[PDB]
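For reference, the chain that follows is the form deposited in one PDB entry, supplied as structure tokens.
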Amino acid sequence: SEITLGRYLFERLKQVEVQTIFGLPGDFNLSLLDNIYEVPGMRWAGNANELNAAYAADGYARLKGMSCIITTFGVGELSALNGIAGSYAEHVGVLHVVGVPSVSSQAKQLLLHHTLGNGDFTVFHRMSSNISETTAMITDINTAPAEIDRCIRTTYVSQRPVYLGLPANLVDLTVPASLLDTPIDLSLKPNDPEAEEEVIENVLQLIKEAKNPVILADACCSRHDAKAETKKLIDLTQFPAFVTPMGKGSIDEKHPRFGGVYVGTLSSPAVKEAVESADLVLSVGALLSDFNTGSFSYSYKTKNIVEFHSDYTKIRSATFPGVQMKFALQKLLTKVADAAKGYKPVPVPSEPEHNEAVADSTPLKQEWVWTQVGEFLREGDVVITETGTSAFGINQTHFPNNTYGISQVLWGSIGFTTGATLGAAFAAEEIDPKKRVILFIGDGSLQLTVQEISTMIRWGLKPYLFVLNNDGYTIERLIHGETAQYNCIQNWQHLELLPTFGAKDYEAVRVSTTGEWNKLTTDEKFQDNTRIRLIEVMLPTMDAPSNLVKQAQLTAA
């Protein structure tokens, strides 16, 4: 009772709630894709290019747990490389599957099709090894089932990319289907009691001794499923709690102890002080600190920092390998109320929930928009924002509870969010078809990955594509080169993008005024994810949220 290894892979991917398969076909993955259509539940997105496909996989994996992209040897896998790199950097389980020529007999199939010339056919594997948690290149059908299972486990558990090469000749070879009747084991190994024990007691004594602590949640908080444990910590301590831009949504923001988003130097004065004055910081799922961008500087003042991570825990300079975020937090939640004992709940910072009313002819400005979006959002929504003026603006928006944010702030691939929006939309559809996916992308970033809108159209997905037209690269104009050619772009007809890519059931509308915006976003028809929609939001050419142009004068000579 036997199935192909092709079939075997997809059946395993289905058992881990992975239903949509990303990539483009090529010379050596065709038979493999044949297998998708034999598995009730699966489907082939069939993307517009391999980078967009990887970005989409990033986005799917963020919502769903993990994701799969398939490319062909050489031309394919190398096109995805930057997509994977950002996935590696922001800890996102993408399984990258690459079909390759037959391991034949003197590898004489593998060698002839290898057109790169240097006679070394492993080069592309090597290359991906650098930006993968592990790799695998199946040469042996007897080990293939357990190797695949391993590749999948590692993707889901470590939440980082994994390279898995399947030679064409092996995806048609067969195994026992019986194998599928035992699940892939995705459980975490329990912690070392000696190190856990010792971590906890160090952490409690740090709390006990602390006059002004803060809690701070980052990307891995969500990624490694510790939202509940983090909420409990906030609850049991009543400490002031913050999110970084990249774990926005990891704390339900209607919580009275939640004090908004820390963005180092771009933070609002109140929040900057709330965090920088802290004599102890409890980082959950920190995605490194003390790091810079060309627009902001992120770090804390205290050295009295406790980072929980998936792999390990960190306390001041001490490192405790195999002391795992989830279990460590669970254990802490037993003694922690008591260590918190003598904390006096200071009230904390709040952004304004609402914009004061103005004339409906009022020109749209970014500071205004980022607030007004607070009014449009509903619980369950997915909000995606591009590196740009968006990635710093959505930081002041009040999110309903149960709202996932996608903001690839650390790696900072632009155009990322177009592909991410595809993946996020496929996953939402699979999770709950009433779940809205809202994208905020600048007109300039959109050019890099524009064609993956075709692929949204093709599956009649219904994301809202909000396109901030402010005539160019407006954040890279605020730091260096205000009026250089290299931060100028061609002016596209954003409203014709959907029709041009063959959309038959869409809406496409410009908004330039406060009143235009309100008429569109309060329309109950619009508020329901009925068809795919694009909104061209017109903004001034040197506009930005207010704490960014804080640092056009006050840290640029």
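So that the term is clear: the rigid core is the largest set of C-alpha atoms that superpose within 1.5 Å between two forms. Position 1 is the first residue in the sequence shown; the rest follow in order.
Judged by the one-third criterion across other entries of this protein, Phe327, modelled here, is also modelled in every one of those that cover both its neighbours. Modelled in this chain, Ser317 is likewise resolved in all the other entries of the protein that span it on both sides, not missing from even a third of them. Higher mean CA temperature factor between 220 to 228 and 337 to 345: 337 to 345, per the PDB entry.
Higher mean CA temperature factor between 323 to 331 and 160 to 168: 323 to 331, per the PDB entry. In the PDB entry, the Cα temperature factor peaks, among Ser277, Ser79, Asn487, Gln372, at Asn487. Remark: of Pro240, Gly380, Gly99, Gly119, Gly119 shows the highest value [criterion: C-alpha B-factor in the PDB entry]. The entry lists a Cα temperature factor for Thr530 that places it in the lowest third of the chain's modelled residues. Per the PDB record, residue ranking by Cα B-factor puts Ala85 in the lowest third of the chain.
Looking at the C-alpha B-factors along this chain, the one for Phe440 belongs to the lowest third. Ranked by Cα temperature factor within the chain, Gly460 sits in the lowest third according to the deposited record. Among the modelled residues of its chain, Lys365 has a C-alpha B-factor that falls in the middle third according to the deposited record.
We do not show the form deposited in another entry, though everything after this point is about it.
Among the residues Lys326, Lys365, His113, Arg150, the single one whose Cα moves by at least 2 Å between this form and the one not shown, once the core is superposed, is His113. Once you line up the core between this form and the one not shown, the Cα of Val281 ends up 2 Å or more from where it was.
With the core held fixed, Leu548 shows a CA shift of 2 Å or greater between this form and the one not shown.
Comparing the forms between this form and the one not shown on their rigid core, the Cα displacement of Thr293 reaches 2 Å or more. A change of 3 Å or more separates the two forms for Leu446 and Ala552: their C-alpha atoms lie closer together in the other entry. Between this form and the other one, the CA-CA gap for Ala552 and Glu386 narrows by 3 Å or more, being smaller in the other entry.
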